[PDB]
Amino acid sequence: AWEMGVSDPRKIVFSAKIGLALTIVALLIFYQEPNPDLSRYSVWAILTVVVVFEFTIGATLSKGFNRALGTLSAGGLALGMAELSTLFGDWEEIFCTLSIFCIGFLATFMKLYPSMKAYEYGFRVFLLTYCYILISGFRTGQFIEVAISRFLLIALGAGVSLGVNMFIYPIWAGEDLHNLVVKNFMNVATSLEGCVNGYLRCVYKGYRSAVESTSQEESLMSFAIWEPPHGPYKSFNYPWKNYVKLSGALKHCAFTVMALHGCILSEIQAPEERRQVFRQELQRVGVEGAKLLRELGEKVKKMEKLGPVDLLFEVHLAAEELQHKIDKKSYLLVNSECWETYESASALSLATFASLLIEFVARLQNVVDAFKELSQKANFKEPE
């Protein structure tokens, strides 16, 4: 729609690049001179554009490699089977019927495994190609030289698709991974402050997105290893795995924010008057943690190295101040009258928030370690 297009103007360009490739193919088809070989079977060239045109360059290269491997293997096996069938001379229609059963059984069985679950598009092309070659080459009997004219058009369609996809506003999966890693830091930094403000008041998509994107980052990393060097990523083998390592450390840090958010929806809650004692100490930690996460995200985005000053000094000091405050007023969290039930559970429930906050601060040193590793493997610019 208008809103969807304006929000992400990329989709309009992708739709008009697909329309351009279809027009550039239909013009050749409709103006080509008559031929005895490609004047009736030319349709196989405009339907390849609709099947091999993906959203990124790396996806197009990898999927096209898989489809060409399946097609060439199915064609070689079908040619061998057809040549071998003639030996019997009287049960050809039975041998060719048993071949279909055997190959279809194995092709279906092998595509249901829990490992090759993302490559069913390459198994289906094998199953369609074996059947097409075996059935269409029975009456004619010379599909050897007819199967290459149907691959020449496929090659023309895939060449046009790749040229139009690559030389007109390409979309790179590496930049997608870079942008996603930059965006997760801001999502977590917003959620942490929303949780602290909601609890102290007299938050979902942040950690939801930061915890449910491991598959997306893995797929984007798989696509990114095919693309050639370009732009700022000037190196033969860029270290794309350190981006996944930094996102794993960030998710380990965001699981405590998810626990903090779940502390607000619980059935048992402490009285509002008791929460107001630790307001300043609770707010300072959220402020410093969000500042740190935004500073790390900004350094990642600009491809810059960490400065010489310690970044964790302020948050560490705030955590120590909160600990001392908790120690001073510890008698609010328990009752010494019984020292040797809803009210007691409520009173003890106010210390879970502070214990989880201190554990969140304790988990922040491994994100800095992973960032230093990434800033070293990939040559980041020296700070100004």
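For every residue, the number given is its place in the sequence shown, counted from 1. Whichever C-alpha set is largest while still superposing within 1.5 Å between the two forms counts as the rigid core.
Averaged over structures and residues, the CA distance from the shown form in 8 other deposited structures of this protein after a core fit is larger for 123 to 131, of the two stretches 179 to 187 and 123 to 131. Note on 135 to 143 and 77 to 85: with rigid core alignment, C-alpha atoms in 8 other deposited structures of this protein sit farther from this form for 135 to 143. Unmodelled deposited residues between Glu33 and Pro34: none, per the record. Count the deposited residues lacking coordinates between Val309 and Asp310 and you get none at all.
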